[PDB]
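What follows is the residue order along each chain.
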Amino acid sequence: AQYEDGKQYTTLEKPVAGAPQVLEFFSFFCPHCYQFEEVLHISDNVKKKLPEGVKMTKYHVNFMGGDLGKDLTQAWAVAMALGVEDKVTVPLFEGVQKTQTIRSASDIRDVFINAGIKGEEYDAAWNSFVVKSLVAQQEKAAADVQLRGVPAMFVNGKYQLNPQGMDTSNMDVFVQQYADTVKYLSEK
């Protein structure tokens, strides 16, 4: 058929109960993640094709970048708590990978301050238990899908996107197939 298990997607042996409908994992340290977000715009292309009533969740991962990697997961929790994901995603990616001006937790905070988040507001979130639980949620989700690498995307806690099973020549053909596959899985 057009969409096939083992081709554009795979099926989790152990489906995740109560999982987000569309769940993406990434790292700001991840070069392929930079490409996915900043050049291919995978997240946004997936958004524009999703059924009504389907939300996307995007989680950061700890396993790249050591102490800074975890600082970034905690900062991503802050972004989620404050609802400023669309203001900090580009400068965090560019700060880590393009300018490489993000070397410490303070440098991360600078991105938020520069984006208009008040210092007091950032610090209160950073030190909050709500953010600690959001970090734990991201870590738990990774365990639940038995995550091996990023970027990654899972649908209804049952299916894993398999971009290596798609065409790579036209960037844009790849991106459409990826987005079309997520929509298909969403309705499966």
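Chain by chain, residues are numbered from 1 following the written sequence, and this numbering need not agree with the entry; no residue without coordinates is displayed. Side-chain calculation: all heavy atoms of the structure are included, whereas hydrogens and water are not.

For this entry, the PDB record names X-ray crystallography as the structure determination method and reports a resolution of 1.6700 Å.

**Quick word on the state of the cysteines**
A disulfide bridge is the covalent bond that connects two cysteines by way of their sulfur atoms. Throughout, a disulfide means two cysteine sulfur atoms within 2.5 Å of one another. Under the criterion given, the structure shown has one disulfide. Covalently, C30 is tied to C33 through a disulfide, its sulfur atoms 2.1 Å apart. One quick way to see it: the torsion about the S-S bond of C30 and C33 is about 70°, and its sign makes the bridge right-handed.

**Let's talk about the pairing of strand β3 (residues 56-60)**
Taken across its five residues, β3 has five buried, putting it largely inside the fold. Only protein chains enter the calculation, and the probe is 1.4 Å; a residue is then buried if its accessible area is under 20% of its type maximum, exposed if over 50%, and partly exposed in between. Helix and strand labels come from DSSP, where a helix needs a run of H or I of at least four residues and a strand needs a run of E of at least two; each type is numbered from the N terminus. Burial along β3 is two-sided: the face carrying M56, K58 and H60 and the face carrying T57 and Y59 are both buried.

**Focus: the packing of aromatic side chains**
Only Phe, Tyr and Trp rings take part, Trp by its six-membered ring, and two of them pair if their centres are within 6.5 Å. Stacked means planes under 30 degrees apart, edge-to-face means over 60, and tilted covers everything else. Evaluated as defined, the whole model comprises 16 aromatic pairs. When the centroid spacing of 4.8 Å and the interplanar angle of 85° are considered together, the rings of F26 and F28 count as edge-to-face. Both residues of the pair, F26 and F28, belong to the buried class. Residue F26 is classed as buried on the basis of its relative accessible area of 4%. Three or more aromatic residues joined by ring pairs form one cluster here, namely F26, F28, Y34, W76 and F93. Two thresholds decide whether a charge sits over a ring: the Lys NZ or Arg CZ must be within 6 Å of the ring centre and within 35 degrees of the ring normal. Across the ring face of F26, the terminal group of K58 is positioned such that the distance to the ring centre comes to 5.6 Å. The ring of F129 carries the charged tip of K132 above its face, separated from the ring centre by 5.6 Å.

**So, the pairing of strand β4 (residues 152-155)**
Because side chains alternate across β4, one face comprises the buried residues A152 and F154, and the other comprises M153 and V155, equally buried. Alignment of strand β2 (residues 22-26) against β4, held across four bridges, turns out to be antiparallel. Bridge assignment links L23 to a residue of β4, and that residue is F154. Think of it this way: DSSP has to see at least two bridges between two strands before they count as a pair. Of the pairings in the sheet, the one linking β4 to strand β5 (residues 159-161) comprises two bridges and is antiparallel in character. Paired with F154 across the strands is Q160, a residue of β5.

**Considerations on the nonpolar core**
To define a nonpolar core, start from buried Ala, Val, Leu, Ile, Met, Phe, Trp, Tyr and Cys residues and group those joined through side-chain atoms within 4.5 Å. Ranked by size, the top nonpolar core spans 42 residues in total, and within it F25, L92, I108, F112 and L147 carry the most contacts. No other element matches the eight residues that helix α3 (residues 66-82) contributes to this core. Among the nonpolar cores identified, the runner-up in size contains 20 residues, and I42, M166, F174 and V182 belong to it.

**Details of the sheet that holds β2**
Ordered by their spatial adjacency, five strands build an open sheet running β1-β5-β4-β2-β3, and the pairing between neighbours is mixed. In this open sheet, the two strands that pair with only one neighbour each are β1 (9-11) and β3. With strand direction ignored, the average angle separating the axes of adjacent strands in the sheet is 25°. Orientation is described by lines fitted to C-alpha atoms, with helices fitted over the stretch in contact, and by angles between N-to-C directions that extend from 0 to 180 degrees.

**Points about the packing of α3 against helix α6 (residues 119-126)**
Between α3 and α6, the shortest axis-to-axis distance is 9 Å and the interhelical angle comes to 115°. The orientation of α3 with respect to α6, classified from their angle, is roughly perpendicular. Note on packing geometry: the crossing formed by α3 with α6 is right-handed. Touching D71, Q74, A75, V78 and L82 of α3 are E121, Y122, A125 and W126, all from α6. Here is the rule for angles: anything less than 35 degrees is roughly parallel, anything more than 145 is roughly antiparallel, 65 through 115 is roughly perpendicular, and the remaining ranges are oblique. What makes a crossing left-handed is the near helix being turned counterclockwise from the far one by less than a right angle; a clockwise turn instead makes it right-handed. Only heavy atoms enter the contact rule, under which two residues are in contact if any of them lie within 4.5 Å.

**Focus on the side chain of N45**
With respect to the helices and strands, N45 occurs in helix α2 (residues 42-47). Polar contact is the term for a pair of N or O atoms within 3.5 Å; when the atoms are in protein, one must be able to donate a hydrogen and the other to accept it, and sequence-neighboring residues count only if both atoms are side-chain atoms. Of the polar contacts made by the side chain of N45, one reaches the backbone oxygen of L40; its length is 3.4 Å. Sequence-distant contacts of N45, defined by excluding residues within four places in its chain, comprise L40, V175, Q176 and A179.

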